[PDB]
Every structure is written in structure tokens, then in C-alpha cells.
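Dumped input-v9.cif below, it's mmCIF, C-alpha atoms and all ligand atoms:
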```cif
data_model
loop_
_atom_site.label_atom_id
_atom_site.label_comp_id
_atom_site.auth_asym_id
_atom_site.auth_seq_id
_atom_site.Cartn_x
_atom_site.Cartn_y
_atom_site.Cartn_z
CA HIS A 4 23.38 2.47 -12.38
CA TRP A 5 24.15 4.70 -9.39
CA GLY A 6 26.84 3.88 -6.85
CA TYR A 7 29.90 5.31 -5.15
CA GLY A 8 32.56 5.23 -7.90
CA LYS A 9 34.21 8.03 -9.99
CA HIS A 10 31.77 7.41 -12.75
CA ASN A 11 28.53 6.85 -10.89
CA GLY A 12 29.08 8.42 -7.44
CA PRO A 13 27.36 11.26 -5.55
CA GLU A 14 28.45 14.00 -7.99
CA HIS A 15 26.54 12.21 -10.76
CA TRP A 16 23.31 11.44 -8.94
CA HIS A 17 21.56 14.70 -9.84
CA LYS A 18 21.24 13.59 -13.49
CA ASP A 19 18.78 10.84 -12.61
CA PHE A 20 17.53 12.39 -9.36
CA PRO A 21 17.40 16.22 -9.74
CA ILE A 22 16.27 16.57 -6.09
CA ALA A 23 19.95 15.89 -5.33
CA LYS A 24 20.32 19.70 -5.60
CA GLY A 25 17.21 20.34 -3.46
CA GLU A 26 16.52 22.49 -0.47
CA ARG A 27 16.66 19.84 2.30
CA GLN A 28 19.32 17.35 1.27
CA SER A 29 21.30 15.11 3.64
CA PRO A 30 23.80 14.55 5.08
CA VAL A 31 25.09 17.89 6.44
CA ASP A 32 27.93 19.15 8.56
CA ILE A 33 26.80 19.74 12.13
CA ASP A 34 28.45 22.95 13.28
CA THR A 35 28.31 22.47 17.03
CA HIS A 36 28.72 26.12 17.82
CA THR A 37 25.79 27.17 15.58
CA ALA A 38 23.30 24.40 16.61
CA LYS A 39 20.93 25.94 19.10
CA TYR A 40 19.81 24.21 22.22
CA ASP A 41 16.05 23.89 22.11
CA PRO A 42 14.59 23.37 25.57
CA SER A 43 11.23 22.46 23.96
CA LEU A 44 12.70 19.21 22.49
CA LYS A 45 11.71 16.08 24.34
CA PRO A 46 13.86 13.11 25.29
CA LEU A 47 13.91 10.60 22.58
CA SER A 48 11.86 7.42 23.29
CA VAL A 49 13.52 4.35 21.82
CA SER A 50 11.34 1.26 22.44
CA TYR A 51 13.12 -1.73 20.94
CA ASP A 52 12.37 -4.47 23.49
CA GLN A 53 9.91 -6.26 21.10
CA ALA A 54 12.01 -5.78 17.94
CA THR A 55 11.85 -8.72 15.52
CA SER A 56 14.80 -8.80 13.13
CA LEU A 57 14.24 -11.11 10.13
CA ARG A 58 17.04 -11.00 7.58
CA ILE A 59 20.27 -9.37 6.47
CA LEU A 60 20.70 -8.35 2.83
CA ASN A 61 23.65 -7.09 0.73
CA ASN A 62 21.87 -4.72 -1.62
CA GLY A 63 24.97 -3.67 -3.58
CA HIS A 64 25.29 -0.37 -1.69
CA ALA A 65 25.30 -1.44 1.97
CA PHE A 66 23.86 -4.26 4.01
CA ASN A 67 20.43 -3.91 5.58
CA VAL A 68 19.25 -5.65 8.76
CA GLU A 69 15.49 -5.91 8.19
CA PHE A 70 12.75 -5.98 10.82
CA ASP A 71 9.14 -7.06 10.94
CA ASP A 72 7.28 -3.76 10.70
CA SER A 73 3.77 -5.30 10.26
CA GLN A 74 2.83 -4.16 13.83
CA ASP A 75 4.20 -1.63 16.37
CA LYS A 76 7.03 -3.61 17.87
CA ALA A 77 10.17 -1.49 17.68
CA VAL A 78 9.30 2.19 17.62
CA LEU A 79 10.79 5.64 17.92
CA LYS A 80 8.76 8.46 19.46
CA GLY A 81 9.31 11.71 21.28
CA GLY A 82 12.27 13.88 20.61
CA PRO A 83 11.29 16.22 17.72
CA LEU A 84 8.69 13.74 16.43
CA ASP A 85 4.94 13.80 16.59
CA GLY A 86 3.46 10.35 16.60
CA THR A 87 4.95 6.91 16.21
CA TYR A 88 7.66 5.69 13.87
CA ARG A 89 8.27 2.00 13.24
CA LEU A 90 11.73 0.51 12.71
CA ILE A 91 12.03 -1.06 9.23
CA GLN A 92 15.79 -1.56 8.83
CA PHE A 93 19.25 -0.52 9.85
CA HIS A 94 22.43 -0.17 7.85
CA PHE A 95 25.83 1.49 7.94
CA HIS A 96 28.02 3.74 5.83
CA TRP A 97 31.79 3.34 6.17
CA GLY A 98 35.16 4.17 4.75
CA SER A 99 38.22 2.57 3.20
CA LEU A 100 40.23 3.96 6.15
CA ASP A 101 39.27 4.95 9.69
CA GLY A 102 39.50 8.72 8.87
CA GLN A 103 36.42 8.71 6.70
CA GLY A 104 33.09 6.86 6.38
CA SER A 105 30.43 8.89 8.13
CA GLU A 106 27.85 10.86 6.18
CA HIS A 107 27.17 13.49 8.79
CA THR A 108 30.20 15.32 10.07
CA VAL A 109 30.69 17.20 13.33
CA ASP A 110 32.64 20.46 12.97
CA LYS A 111 33.97 18.83 9.73
CA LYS A 112 35.15 15.71 11.62
CA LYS A 113 34.47 12.48 9.74
CA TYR A 114 33.91 9.36 11.78
CA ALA A 115 34.91 5.87 10.67
CA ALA A 116 31.30 4.88 10.03
CA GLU A 117 27.70 5.85 10.69
CA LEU A 118 24.73 3.64 11.62
CA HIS A 119 21.25 4.53 10.37
CA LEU A 120 18.15 3.11 12.02
CA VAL A 121 15.30 3.86 9.60
CA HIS A 122 11.75 4.32 10.88
CA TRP A 123 8.50 5.26 9.13
CA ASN A 124 5.54 7.26 10.39
CA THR A 125 2.63 4.93 11.08
CA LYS A 127 0.06 7.65 10.24
CA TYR A 128 0.81 6.89 6.54
CA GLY A 129 0.07 3.15 6.80
CA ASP A 130 3.05 1.79 4.82
CA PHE A 131 6.65 2.69 4.13
CA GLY A 132 6.03 3.40 0.48
CA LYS A 133 3.40 5.99 1.30
CA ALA A 134 5.52 7.44 4.13
CA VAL A 135 8.49 8.24 1.84
CA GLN A 136 6.17 10.54 -0.17
CA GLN A 137 5.58 12.78 2.88
CA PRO A 138 7.81 15.50 4.39
CA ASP A 139 7.42 13.87 7.82
CA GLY A 140 7.35 10.29 6.58
CA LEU A 141 10.65 8.96 8.00
CA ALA A 142 12.77 9.36 11.12
CA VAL A 143 16.37 8.20 10.82
CA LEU A 144 18.38 7.76 14.00
CA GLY A 145 22.08 8.29 13.10
CA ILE A 146 24.90 7.00 15.36
CA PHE A 147 28.61 7.64 14.71
CA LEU A 148 31.19 4.85 14.97
CA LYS A 149 34.77 5.44 16.08
CA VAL A 150 37.49 2.77 16.16
CA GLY A 151 38.66 1.72 19.63
CA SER A 152 37.22 -1.01 21.84
CA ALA A 153 34.95 -3.58 20.32
CA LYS A 154 31.14 -3.21 20.47
CA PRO A 155 29.91 -6.59 21.77
CA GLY A 156 26.40 -6.00 20.42
CA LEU A 157 27.79 -5.58 16.87
CA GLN A 158 29.63 -8.92 16.66
CA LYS A 159 26.63 -11.01 15.57
CA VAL A 160 26.31 -8.65 12.58
CA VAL A 161 30.04 -8.84 11.79
CA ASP A 162 30.06 -12.62 11.87
CA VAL A 163 27.26 -13.07 9.33
CA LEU A 164 28.86 -10.82 6.70
CA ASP A 165 30.86 -13.68 5.18
CA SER A 166 27.54 -15.24 4.17
CA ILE A 167 26.34 -12.11 2.28
CA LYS A 168 29.55 -11.07 0.59
CA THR A 169 28.06 -10.06 -2.73
CA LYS A 170 25.15 -8.06 -4.08
CA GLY A 171 21.79 -9.84 -3.82
CA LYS A 172 22.81 -12.32 -1.12
CA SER A 173 20.71 -12.51 2.01
CA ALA A 174 20.72 -14.59 5.19
CA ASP A 175 18.29 -15.33 7.97
CA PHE A 176 19.00 -12.90 10.82
CA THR A 177 16.49 -13.41 13.59
CA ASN A 178 16.59 -12.41 17.26
CA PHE A 179 19.08 -9.56 16.85
CA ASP A 180 18.63 -6.85 19.50
CA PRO A 181 19.42 -3.41 18.11
CA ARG A 182 19.60 -1.97 21.65
CA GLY A 183 23.14 -3.34 21.70
CA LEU A 184 24.21 -0.77 19.09
CA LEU A 185 23.20 2.33 21.10
CA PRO A 186 25.53 4.61 23.08
CA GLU A 187 24.84 5.47 26.77
CA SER A 188 23.47 8.96 26.06
CA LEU A 189 20.48 9.80 23.85
CA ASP A 190 21.51 13.48 23.52
CA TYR A 191 20.93 14.46 19.90
CA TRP A 192 20.95 16.99 17.11
CA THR A 193 17.95 17.20 14.76
CA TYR A 194 17.14 18.79 11.40
CA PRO A 195 14.87 18.22 8.42
CA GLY A 196 16.51 16.39 5.53
CA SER A 197 16.47 13.61 2.99
CA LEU A 198 17.45 10.10 2.17
CA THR A 199 21.19 9.99 1.55
CA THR A 200 20.88 7.53 -1.32
CA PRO A 201 18.77 7.68 -4.45
CA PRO A 202 15.91 8.46 -4.72
CA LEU A 203 17.06 11.23 -2.30
CA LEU A 204 13.52 11.99 -1.21
CA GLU A 205 13.03 14.90 1.19
CA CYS A 206 11.02 12.90 3.70
CA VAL A 207 13.33 12.53 6.72
CA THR A 208 13.52 13.96 10.20
CA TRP A 209 17.15 13.33 11.12
CA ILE A 210 18.07 12.57 14.71
CA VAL A 211 21.87 12.30 15.10
CA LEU A 212 23.22 11.16 18.47
CA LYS A 213 26.07 13.18 19.98
CA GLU A 214 27.82 10.18 21.60
CA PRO A 215 29.60 7.82 19.16
CA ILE A 216 29.83 4.12 19.74
CA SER A 217 33.23 2.42 19.75
CA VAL A 218 33.85 -0.56 17.48
CA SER A 219 37.11 -2.44 17.03
CA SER A 220 39.50 -2.20 14.10
CA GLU A 221 38.72 -5.91 13.39
CA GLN A 222 34.96 -5.24 13.32
CA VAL A 223 35.18 -2.44 10.75
CA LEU A 224 37.77 -4.41 8.75
CA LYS A 225 35.08 -7.04 8.22
CA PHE A 226 32.69 -4.43 6.84
CA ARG A 227 35.40 -3.54 4.25
CA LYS A 228 35.56 -7.19 3.01
CA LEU A 229 32.06 -6.95 1.60
CA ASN A 230 31.55 -6.48 -2.12
CA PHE A 231 29.53 -4.01 -4.16
CA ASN A 232 29.53 -6.50 -7.04
CA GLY A 233 27.48 -9.62 -7.48
CA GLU A 234 28.84 -13.19 -7.28
CA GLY A 235 31.34 -13.99 -9.99
CA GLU A 236 31.79 -10.37 -11.09
CA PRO A 237 35.05 -8.44 -10.72
CA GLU A 238 35.60 -7.76 -7.03
CA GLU A 239 34.89 -4.15 -5.98
CA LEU A 240 35.29 -3.81 -2.21
CA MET A 241 32.29 -2.18 -0.47
CA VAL A 242 34.05 0.78 1.04
CA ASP A 243 33.39 4.56 0.96
CA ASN A 244 29.64 4.10 0.59
CA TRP A 245 28.94 7.55 2.02
CA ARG A 246 27.51 10.70 0.51
CA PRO A 247 29.42 13.85 1.45
CA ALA A 248 27.89 16.77 3.34
CA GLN A 249 25.37 18.85 1.36
CA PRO A 250 24.53 22.53 1.65
CA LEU A 251 22.53 23.41 4.80
CA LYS A 252 20.52 26.09 2.94
CA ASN A 253 17.59 27.50 4.93
CA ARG A 254 17.80 25.06 7.84
CA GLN A 255 18.53 25.14 11.55
CA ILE A 256 20.08 22.26 13.39
CA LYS A 257 18.66 21.99 16.93
CA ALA A 258 20.35 20.41 19.94
CA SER A 259 18.54 18.50 22.68
CA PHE A 260 21.31 19.29 25.20
CA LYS A 261 23.40 22.22 26.54
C1 LIG B 1 11.73 4.58 -1.98
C2 LIG B 1 12.74 4.59 -0.95
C3 LIG B 1 13.55 4.59 -0.10
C4 LIG B 1 14.55 4.59 0.96
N1 LIG B 1 14.73 3.25 1.52
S1 LIG B 1 15.38 3.17 3.02
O1 LIG B 1 14.68 4.14 3.81
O2 LIG B 1 15.25 1.83 3.39
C5 LIG B 1 16.98 3.60 2.91
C6 LIG B 1 17.45 4.72 3.65
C7 LIG B 1 18.77 5.22 3.58
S2 LIG B 1 19.26 6.56 4.52
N2 LIG B 1 20.83 6.63 4.51
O3 LIG B 1 18.77 7.73 3.88
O4 LIG B 1 18.78 6.28 5.88
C8 LIG B 1 19.67 4.47 2.80
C9 LIG B 1 19.26 3.36 2.10
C10 LIG B 1 17.96 2.89 2.08
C11 LIG B 1 17.63 1.65 1.33
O5 LIG B 1 16.75 1.69 0.46
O6 LIG B 1 18.22 0.59 1.64
ZN ZN B 2 22.07 5.54 5.51
#
```
Output the structure of this file as C-alpha cells.
Amino acid sequence: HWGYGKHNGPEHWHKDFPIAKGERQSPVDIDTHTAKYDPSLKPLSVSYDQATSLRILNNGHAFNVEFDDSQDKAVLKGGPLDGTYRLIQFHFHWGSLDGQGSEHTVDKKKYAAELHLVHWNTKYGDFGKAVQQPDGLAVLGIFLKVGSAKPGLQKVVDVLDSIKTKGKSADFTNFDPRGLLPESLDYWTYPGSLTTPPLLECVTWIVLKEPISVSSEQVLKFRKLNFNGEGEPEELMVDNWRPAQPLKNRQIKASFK
């Protein structure tokens, strides 16, 4: 099936998912000089005080921290968005070395990792219906650089030993995703897609300008995870990122000057 290897990686995905070569694919390089400041963009509204995390899952491609999205608890609004988007999960993409890992790039710079907080538009009633709509999802992307530790990430890091392999999950309640945010909510935004199969063109991307810092030890623990299931030959879960795709007929807008 699809993955991140030589034989099943991003360059192969178009055979099962022809939208891979579509008109609004993600990620993209963010050329900072070409992104236009848009004074009509609003501040982003991140309301995560009532977030209810439930579980952490190794899905064979990344690990997902899952939230209760059965009511408006943790929501994203404002910014480029119309209406209300509910947090369903977060996950990361990362590298085998600190010089690569992010999906978005900034003037061709790759960060060590990238956090994605996935939200769906409540006007469509459920996630599955939302992914069929061009404005169905809003994904908040946050770059990770290696430096000082991120205290709010350590609870995530410490549970990873319990979900080493594909299909393992663990209870993961009372995690506060506010502890993964940078100080500034300045952002770039553009219309795009999921970065994994099925690659659906249903996402408004919101990529924060300010990276968070995590420690070398924190990201090292991400790279001890496995793509494989229990008892199968060990394939370290590293380099689970799709490279930048053609921008085509899109404009990246900045919320800041
Ligand atoms: C049908 C369908 C779908 C997409 N699911 S997701 O939005 O949770 C998601 C989103 C993304 S990303 N990188 O596009 O935000 C990656 C991975 C996943 C996932 O299934 O775990
Ligand atoms: Zn992602």
C-alpha cells in the first residue's frame, strides 16, 4: 500500500490517487517575498480551552492525537475562515535528520518537523462529509525547529513507547494542545489539499510564521517509532513528509507585514 519508501512513496501516489497531480495540492513552498499581505484577513481565533483529547494512535504513517469532536469544544475560527471548524486530531511529519521533516517549506528552508492540527467545518455535519467539500477542512500547520525543549510536548513524547508499531493505540486524555502553540499567531494561508492519500482538495491551510522549539531528545523519540506492525521487520518512522508541490494558479496570503 502507500507509504514513504522508494517503492511506495510520494512519487508513486498518483497511480492510485490521480488527484496527486491536481490543481491545489499540498504542501507548497512559501516564498516569503511573493506572499502578499492581506489587510482584510482577520486574526485567527484558536479556542482550545475545552478540548477533550481521547487517544493516541500509530496509524502506520504518523501518530494521531484524537479529540472528541461530537460537540463544539476545541474550535478554529476567524483568520481566512468563514464559520466554525472543530478540532478532530493532530499529528506531525518529521525527518531522519534535523535538516528535513517539514512538508511546507519557507523560501526552500525545511524545518525538522511540522505539526498539523486538523479541523472540519461544522456546516457539513461530519468529517466524512466535510472532506468532500472545497472548504471542508482547516489545517493549522506549525513548524518545529530543534533547540530548547517544548514542555507542552513532553506528555506526547513519553507515551510513544506504548504505541511503537502500526495499529497500537493508548488512552490519551486531558492533553492541552495550547501547549504546542508559538507566541505569535501570524500566518500564511492558501487553498490546498490533504498531504496524504486520498489527497483530497478540501483544505484551507493556515501555516504559522513562528516555529516552536523542541529538543533534540524530543524529536529523537519521534524517530524511534515504527511504520511496521508488531513482529514485522523494523522500519523506523522517519521522513514521513510529502515534498512541496507545484503552486499552480494560487496566491499565498500573509496576515502580517
Ligand atoms: C478521508 C480522509 C482523510 C484525511 N484524514 S485526516 O484529515 O485526519 C488527515 C490529514 C492529514 S494532513 N497532513 O493533510 O493534515 C494527514 C493525515 C490524516 C489522517 O487520516 O490521519
Ligand atoms: Zn499532516
List all protein, DNA and RNA residues that have any atom at most 9 Å from ligand LIG 1 (chain B), counting all atoms listed in the file, and write the list as a PyMOL selection string.
chain A and resi 29-30+62+64-67+91-96+106+118-123+131-132+135-136+141-145+197-204+207+209+245-246
Two-atom distance - CA of residue 226 in chain A, CA of residue 171 in chain A (Å):
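Calculated distance between CA of residue 226 in chain A and CA of residue 171 in chain A is 16.2 Å.
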Within 12 Å of range 231-243 of chain A, which residues of range 78-132 of chain A come that close, and what is the closest atom pair and distance in Å for each? Count only C-alpha atoms and give it as a Markdown table.
```
| residue | atom | partner | partner_atom | distance |
| --- | --- | --- | --- | --- |
| A:95 | CA | A:243 | CA | 10.7 |
| A:96 | CA | A:243 | CA | 7.3 |
| A:97 | CA | A:243 | CA | 5.6 |
| A:98 | CA | A:243 | CA | 4.2 |
| A:99 | CA | A:242 | CA | 5.0 |
| A:100 | CA | A:243 | CA | 8.6 |
| A:101 | CA | A:243 | CA | 10.5 |
| A:102 | CA | A:243 | CA | 10.8 |
| A:103 | CA | A:243 | CA | 7.7 |
| A:104 | CA | A:243 | CA | 5.9 |
| A:105 | CA | A:243 | CA | 8.9 |
| A:106 | CA | A:243 | CA | 9.9 |
| A:113 | CA | A:243 | CA | 11.9 |
| A:114 | CA | A:243 | CA | 11.8 |
| A:115 | CA | A:243 | CA | 9.9 |
| A:116 | CA | A:243 | CA | 9.3 |
| A:117 | CA | A:243 | CA | 11.3 |
```
note - CA of residue 167 in chain A and CA of residue 12 in chain A are separated by 22.9 Å
Residues within 9 Å of residue 47 in chain A, please, as a PyMOL selection string. Count only C-alpha atoms; anything in the same chain fewer than 6 positions from it doesn't count.
chain A and resi 79-84+189-191
Using all atoms listed in the file: which of A:161, A:184, A:134, A:224 has the shortest distance to residue 208 in chain A:
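Counting all atoms listed in the file, the residue closest to residue 208 in chain A is A:134.
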Smallest atom-to-atom distance to ligand ZN 2 (chain B): which of A:180, A:151, A:146, A:229, using only C-alpha atoms and all ligand atoms?
A:146
Please provide the set of residues having any atom within 8 Å of residue 168 in chain A, restricted to all atoms listed in the file, with same-chain residues fewer than 4 positions apart removed, written as a PyMOL selection string.
chain A and resi 61+164+172+228-230
Suppose you want the space between CA of residue 22 in chain A and atom ZN of ligand ZN 2 (chain B); what is it in Å?
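According to the coordinates, CA of residue 22 in chain A and atom ZN of ligand ZN 2 (chain B) are separated by 17.0 Å.
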Could you check which of A:137, A:244, A:74, A:53 is closest to ligand ZN 2 (chain B), using only C-alpha atoms and all ligand atoms?
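Closest candidate: A:244.
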Identify which of the residues A:70, A:162, A:13, A:41 lies closest to residue 58 in chain A, counting all atoms listed in the file when measuring atom-to-atom distances.
A:70
Identify the residues within 7 Å of coordinate (26.2, 20.8, 11.4) (same frame as the file), considering only C-alpha atoms, and give the answer as JSON, numbers by chain.
{"A": [31, 32, 33, 34, 35, 38, 108, 109, 110, 256]}
For each of A:133, A:45, A:36, A:107, take the minimum atom-to-atom distance to ligand ZN 2 (chain B), counting only C-alpha atoms and all ligand atoms, then give the residue where this is smallest.
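With only C-alpha atoms and all ligand atoms as the atom set, the closest residue is A:107.
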With only C-alpha atoms as the basis for distance, which of A:175, A:14, A:26, A:214 is at the shortest distance from residue 254 in chain A?
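Checking each of A:175, A:14, A:26, A:214 against residue 254 in chain A, counting only C-alpha atoms, the winner is A:26.
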Since fewer atoms than expected are present, regenerate N, CA, C and O atoms for range 14-34 of chain A and write them as a PDB file, keeping the file's coordinate frame.
```pdb
ATOM      1  N   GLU A  14      28.453  12.848  -7.108  1.00  0.00           N
ATOM      2  CA  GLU A  14      28.450  14.000  -7.990  1.00  0.00           C
ATOM      3  C   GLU A  14      27.669  13.804  -9.301  1.00  0.00           C
ATOM      4  O   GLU A  14      27.410  14.757 -10.046  1.00  0.00           O
ATOM      5  N   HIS A  15      27.301  12.556  -9.586  1.00  0.00           N
ATOM      6  CA  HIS A  15      26.540  12.210 -10.760  1.00  0.00           C
ATOM      7  C   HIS A  15      25.046  12.031 -10.500  1.00  0.00           C
ATOM      8  O   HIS A  15      24.229  12.039 -11.465  1.00  0.00           O
ATOM      9  N   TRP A  16      24.664  11.871  -9.233  1.00  0.00           N
ATOM     10  CA  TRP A  16      23.310  11.440  -8.940  1.00  0.00           C
ATOM     11  C   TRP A  16      22.209  12.397  -9.402  1.00  0.00           C
ATOM     12  O   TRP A  16      21.106  11.983  -9.729  1.00  0.00           O
ATOM     13  N   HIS A  17      22.520  13.692  -9.443  1.00  0.00           N
ATOM     14  CA  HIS A  17      21.560  14.700  -9.840  1.00  0.00           C
ATOM     15  C   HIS A  17      20.986  14.480 -11.266  1.00  0.00           C
ATOM     16  O   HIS A  17      19.888  14.951 -11.558  1.00  0.00           O
ATOM     17  N   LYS A  18      21.728  13.815 -12.137  1.00  0.00           N
ATOM     18  CA  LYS A  18      21.240  13.590 -13.490  1.00  0.00           C
ATOM     19  C   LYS A  18      20.019  12.677 -13.538  1.00  0.00           C
ATOM     20  O   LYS A  18      19.088  12.943 -14.289  1.00  0.00           O
ATOM     21  N   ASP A  19      19.993  11.647 -12.709  1.00  0.00           N
ATOM     22  CA  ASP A  19      18.780  10.840 -12.610  1.00  0.00           C
ATOM     23  C   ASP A  19      17.780  11.313 -11.554  1.00  0.00           C
ATOM     24  O   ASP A  19      16.610  10.964 -11.639  1.00  0.00           O
ATOM     25  N   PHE A  20      18.287  12.001 -10.536  1.00  0.00           N
ATOM     26  CA  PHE A  20      17.530  12.390  -9.360  1.00  0.00           C
ATOM     27  C   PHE A  20      17.790  13.879  -9.100  1.00  0.00           C
ATOM     28  O   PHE A  20      18.609  14.229  -8.237  1.00  0.00           O
ATOM     29  N   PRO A  21      17.110  14.782  -9.846  1.00  0.00           N
ATOM     30  CA  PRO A  21      17.400  16.220  -9.740  1.00  0.00           C
ATOM     31  C   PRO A  21      17.199  16.793  -8.329  1.00  0.00           C
ATOM     32  O   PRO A  21      17.801  17.810  -8.039  1.00  0.00           O
ATOM     33  N   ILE A  22      16.430  16.130  -7.471  1.00  0.00           N
ATOM     34  CA  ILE A  22      16.270  16.570  -6.090  1.00  0.00           C
ATOM     35  C   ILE A  22      17.586  16.530  -5.323  1.00  0.00           C
ATOM     36  O   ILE A  22      17.678  17.071  -4.241  1.00  0.00           O
ATOM     37  N   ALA A  23      18.598  15.835  -5.891  1.00  0.00           N
ATOM     38  CA  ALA A  23      19.950  15.890  -5.330  1.00  0.00           C
ATOM     39  C   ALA A  23      20.441  17.302  -5.023  1.00  0.00           C
ATOM     40  O   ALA A  23      21.297  17.449  -4.152  1.00  0.00           O
ATOM     41  N   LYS A  24      19.963  18.288  -5.805  1.00  0.00           N
ATOM     42  CA  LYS A  24      20.320  19.700  -5.600  1.00  0.00           C
ATOM     43  C   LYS A  24      19.211  20.484  -4.883  1.00  0.00           C
ATOM     44  O   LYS A  24      19.161  21.721  -4.995  1.00  0.00           O
ATOM     45  N   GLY A  25      18.378  19.776  -4.121  1.00  0.00           N
ATOM     46  CA  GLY A  25      17.210  20.340  -3.460  1.00  0.00           C
ATOM     47  C   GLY A  25      17.534  21.172  -2.250  1.00  0.00           C
ATOM     48  O   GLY A  25      18.701  21.402  -1.903  1.00  0.00           O
ATOM     49  N   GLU A  26      16.461  21.605  -1.613  1.00  0.00           N
ATOM     50  CA  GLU A  26      16.520  22.490  -0.470  1.00  0.00           C
ATOM     51  C   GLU A  26      16.667  21.855   0.905  1.00  0.00           C
ATOM     52  O   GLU A  26      16.996  22.551   1.870  1.00  0.00           O
ATOM     53  N   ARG A  27      16.524  20.534   1.002  1.00  0.00           N
ATOM     54  CA  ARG A  27      16.660  19.840   2.300  1.00  0.00           C
ATOM     55  C   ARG A  27      17.365  18.494   2.120  1.00  0.00           C
ATOM     56  O   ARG A  27      16.894  17.465   2.574  1.00  0.00           O
ATOM     57  N   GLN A  28      18.526  18.564   1.500  1.00  0.00           N
ATOM     58  CA  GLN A  28      19.320  17.350   1.270  1.00  0.00           C
ATOM     59  C   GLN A  28      20.214  16.998   2.463  1.00  0.00           C
ATOM     60  O   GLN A  28      20.654  17.844   3.244  1.00  0.00           O
ATOM     61  N   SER A  29      20.462  15.687   2.606  1.00  0.00           N
ATOM     62  CA  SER A  29      21.300  15.110   3.640  1.00  0.00           C
ATOM     63  C   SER A  29      22.409  14.285   3.023  1.00  0.00           C
ATOM     64  O   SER A  29      22.291  13.789   1.909  1.00  0.00           O
ATOM     65  N   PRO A  30      23.503  14.042   3.754  1.00  0.00           N
ATOM     66  CA  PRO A  30      23.800  14.550   5.080  1.00  0.00           C
ATOM     67  C   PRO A  30      24.279  16.015   5.043  1.00  0.00           C
ATOM     68  O   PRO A  30      24.331  16.622   3.997  1.00  0.00           O
ATOM     69  N   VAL A  31      24.571  16.531   6.233  1.00  0.00           N
ATOM     70  CA  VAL A  31      25.090  17.890   6.440  1.00  0.00           C
ATOM     71  C   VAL A  31      26.189  17.841   7.497  1.00  0.00           C
ATOM     72  O   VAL A  31      26.304  16.880   8.241  1.00  0.00           O
ATOM     73  N   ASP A  32      27.036  18.871   7.472  1.00  0.00           N
ATOM     74  CA  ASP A  32      27.930  19.150   8.560  1.00  0.00           C
ATOM     75  C   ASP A  32      27.160  19.760   9.725  1.00  0.00           C
ATOM     76  O   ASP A  32      26.350  20.671   9.525  1.00  0.00           O
ATOM     77  N   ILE A  33      27.393  19.235  10.922  1.00  0.00           N
ATOM     78  CA  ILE A  33      26.800  19.740  12.130  1.00  0.00           C
ATOM     79  C   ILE A  33      27.828  20.648  12.791  1.00  0.00           C
ATOM     80  O   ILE A  33      28.857  20.208  13.307  1.00  0.00           O
ATOM     81  N   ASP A  34      27.577  21.941  12.669  1.00  0.00           N
ATOM     82  CA  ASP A  34      28.450  22.950  13.280  1.00  0.00           C
ATOM     83  C   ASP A  34      27.962  23.095  14.716  1.00  0.00           C
ATOM     84  O   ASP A  34      26.850  23.638  14.984  1.00  0.00           O
TER      85      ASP A  34
END
```
